[PDB]
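To start, the structure under review is shown below, and the notes come after it.
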Amino acid sequence: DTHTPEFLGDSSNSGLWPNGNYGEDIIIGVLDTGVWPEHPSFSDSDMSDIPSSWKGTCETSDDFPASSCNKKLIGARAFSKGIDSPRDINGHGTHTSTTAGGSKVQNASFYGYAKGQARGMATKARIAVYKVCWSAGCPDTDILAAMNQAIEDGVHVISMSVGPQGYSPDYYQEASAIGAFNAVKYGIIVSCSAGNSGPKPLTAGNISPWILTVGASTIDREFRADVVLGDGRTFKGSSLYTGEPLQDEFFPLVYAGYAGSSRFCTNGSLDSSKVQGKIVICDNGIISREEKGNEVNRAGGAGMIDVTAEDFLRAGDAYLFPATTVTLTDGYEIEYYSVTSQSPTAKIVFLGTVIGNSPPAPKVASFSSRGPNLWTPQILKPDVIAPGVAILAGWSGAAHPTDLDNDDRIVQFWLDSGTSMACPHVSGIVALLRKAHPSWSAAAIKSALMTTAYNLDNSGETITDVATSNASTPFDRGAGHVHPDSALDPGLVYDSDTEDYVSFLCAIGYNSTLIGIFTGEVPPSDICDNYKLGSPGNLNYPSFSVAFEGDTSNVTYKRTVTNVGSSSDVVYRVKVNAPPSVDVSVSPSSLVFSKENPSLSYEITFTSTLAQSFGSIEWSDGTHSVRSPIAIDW
Ligand SMILES: *[C@@H]1O[C@H](CO)[C@@H](O)[C@H](O)[C@H]1NC(C)=O
């Protein structure tokens with residue numbers, strides 16, 4: 001996107017973009033709807049030859065020519081054995097691959113909206129496309145085939161904006177869990193969407209401890225079309241209206257519930273004699289916001305105010321006729337004015353793309369799937385948040401912004417929302433860290449993003465939830481919002497390997513048969529005799545999650561921190577922000593690293609003095625802060 005790198009603090013002056021070489025020579029595998037190869041984001045201008053280490057290929061066709069793949073887009077495979085080409089007829093695959101690794105495109109916009117240079121977070125990375133998503137859906141057998149193939153091909157990062165529609169299956173049933181487990185031993189980082197079933201709890205998916213589970217948040221950008229009434233009251237509105245601008249004049253205002261047989265502005269509901277030259281107020285439901293604009297237009301209306309069912313706005317309404325979207329409560333004020341005033345009038349003031357500190361940002365997206373982790377309460381999910389609301393990236397040439405009959409618009413760049421949009425921002429940042437830190441484990445790269453993630457919005461208050469207008473919790477934002485320039489130099493990391501993951505599979509009570517799904521062998525029945533993790537919460541993880549069985553319960557977890565800073569002789573001190581109704585003790589409270597001792601362990605005890613409660617711990621030396629959120633359930 002044209003603004004997210006700037007919101008993330010990426011720049012060519014310093015930090016992760018230069019030290020990671022914009023991801024030069026890192027390969028990102030994208031498991032999604034495929035790709036639209038005829039697109040300027042796949043330009044390979046000023047890029048070196050594909051390294052011979054790369055064992056990937058391009059499955060060619062009339063529909064997908066050999067000339068599709070170049071030095072930038074270096075891979076394209078399709079996986080339909082679960083029930084045709086890697087070509088992207090949806091748009092979603094082009095949007096995500098392009099967010100993670102798109103070459104720089106000048107003057108990118110959606111009809112002037114979000115205008116700037118569109119850049120992947122890893123602008124110089126190679127992209128390998130693994131099409132696993134068809135109209136029927138994304139079959140488990142094809143997800144697992146593509147992950148195992150991306151590993152064989154030699155990608156560095158798997159970006160997977162695919163997951164369960166609602167509540168998640170258990171690990172052994174999830175392709176993502178099995179695939180990502182295999183990717184670990186090769187240092188391959190797996191970045192996944194948390195899902196779009198928020199704000200209700202327990203909805204997070206792709207929740208394996210060895211996956212970087214990403215939630216969605218807002219940036220400091222709105223797409224603004226305000227309503228002014230004739231009595232001088234003003235209301236915020238949202239629009240991606242793409243047509244000729246409306247006259248800067250007041251129009252007579254009428255509600256569809258008065259002017260027609262339907263407050264929903266269904267086909268043929270408006271009486272033309274009541275809506276000629278009028279702005280018509282339509283209530284949300286039955287049909288899309290844009291389809292309501294077709295009815296207002298058919299009946300001779302000048303414009304449309306759509307009233308949403310929610311008390312917040314999310315940009316995404318590519319109106320073909322002049323219109324703006326307002327909240328439930330603002331809508332009713334405008335409706336009540338339209339019905340009770342002698343001569344009600346309104347103007348829609350189209351302000352376009354607006355960037356500023358009101359409302360504050362980031363906020364956790366209402367739709368972002370939420371913890372707790374449904375299967376393992378002792379693992380906090382999701383892990384981080386990243387931009388996922390109204391993100392400009394690449395789109396399919398075979399897809400209109402809407403499914404309206406009269407929508408013929410073909411765009412290079414579309415604004416889209418989801419944990420789908422958040423995940424590839426993280427996959428791109430992870431590519432950058434891989435280049436800056438070639439020796440780090442997958443776990444160490446993730447740890448670095450989590451222990452530097454920020455938790456205050458640009459107003460200085462705890463990041464809020466769009467759904468509540470109140471402070472969010474770690475079940476909403478994980479360890480916080482990615483801070484790429486800080487993640488380059490985290491000081492300490494919480495490292496983990498495949499053997500730690502087997503100990504976790506043993507701790508959650510999987511028998512040898514289920515462990516064998518992950519390890520790819522028939523282990524002996526007594527395999528878990530050889531693993532002694534205890535609680536799943538003892539897995540070396542950059543966050544803490546406690547599930548108290550009783551009111552006076554106490555829980556102790558073990559962690560190990562590894563110094564990855566440039567100085568071997570460094571001293572860290574712990575600071576504790578204890579959750580309400582929990583006493584927290586850390587032993588030891590000081591860690592003295594040296595060449596002899598580059599890794600040190602500590603124990604943290606949580607004692608209930610009591611529902612859910614939150615806090616944090618941090619380890620600091622002279623220049624580093626290693627922060628971990630704490631979540632408590634009773
Ligand atoms: C192992 O666990 C699975 C899933 O719970 C179960 O269906 C299977 O019968 C188990 N195998 C043995 C030998 O207990």
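List of remarks:
- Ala66 versus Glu549: modelled label distance in nm, points set 7 Å from Cα along the beta carbon direction: 6.5 nm
- Residues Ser41, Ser261 arranged by fewest to most Cβ contacts within 10 Å: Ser261, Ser41
- Residues of the range 591-613 with amide N under 19 Å of a point placed 7 Å along Cα→Cβ from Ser439: 593-600
- Pairs from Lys71/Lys104; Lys72/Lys446; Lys200/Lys381; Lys381/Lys446 whose Cα-Cα separation, in the structure shown, is over 18 Å: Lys72/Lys446
- In terms of surrounding Cβ atoms within a 10 Å radius of their Cβ, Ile604, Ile287 rank from fewest to most as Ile287, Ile604.
- In this structure, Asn357 and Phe312 have a Cβ-Cβ separation that, at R0 = 22 Å, corresponds to a calculated FRET efficiency of about 0.80.
- Across the alpha-carbon atoms of the chain, the computed radius of gyration and Dmax are 25.7, 86 angstrom.
- Normalised by the number of residues in the range 222-354, the average gap of Cα pairs under 8 Å and 6 or more apart makes the relative contact order 36 percent.
- Shape category assigned to the range 222-354 from the gyration tensor of Cα positions, a/c cut at 1.5: rounded
- Residue exposure sequence - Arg477, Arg289 - by fewest surrounding Cβ within 10 Å: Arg289, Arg477
- The protection proxy used here, the mean number of other Cβ atoms lying within 10 Å of each residue, ranks peptides 505-513, 123-131, 364-372 as follows, highest first: 123-131, 364-372, 505-513.
- Cα-based reach from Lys532 at 19 Å (exclusive), listing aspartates and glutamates while leaving out same-chain residues under 8 positions away: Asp495, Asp497, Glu499, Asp500, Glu603
- Dipole magnitude for the chain: about 540 debye, using +1 per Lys or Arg Cβ and -1 per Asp or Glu Cβ, origin at the Cα centre.
- Of the trypsin sites (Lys or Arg not before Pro) found in the range 205-245, not one falls in a DSSP loop while having at most 11 other beta-carbon atoms within 10 Å.
- Listed pairs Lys435/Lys595; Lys55/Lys131; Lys236/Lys347; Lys274/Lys347; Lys81/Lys131; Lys115/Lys292 exceeding 22 Å between Cα atoms: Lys435/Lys595; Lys115/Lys292
- From the alpha carbon centroid of the range 574-620 to that of the range 338-397 is 34 Å.
- Rounded if a/c under 1.5, otherwise prolate or oblate - the range 290-338, Cα gyration tensor axes: oblate
- Pairwise label distance in nanometres, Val571 with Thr234, each label 7 Å out on the Cα-Cβ vector: 5.7 nm
- Spin-label zone in the range 601-626 - amide nitrogen under 11 Å from a point set 7 Å from the Cα of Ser581 along the C-beta vector: 608-614
- Spatially, the range 1-46 and the range 193-217 are offset by 24 Å when compared through their Cα centroids.
- As a calculated quantity, the FRET efficiency between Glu333 and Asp407 at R0 = 35 Å, using C-beta atoms, amounts to about 0.70.
- Shape index of the range 561-634: Rg/Rh, with Rg the Cα radius of gyration and Rh the Kirkwood radius from the inverse mean 1/r over Cα pairs, equals 1.05.
- Cα shape, the range 384-467, gyration tensor, a/c 1.5 rule: oblate
Bear in mind these aren't lab numbers, they're just calculated from the coordinates by the rules spelled out. Methodologically, a virtual Cβ is constructed for each residue, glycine included, from the backbone with ideal geometry; neighbour enumeration extends over all protein chains shown.
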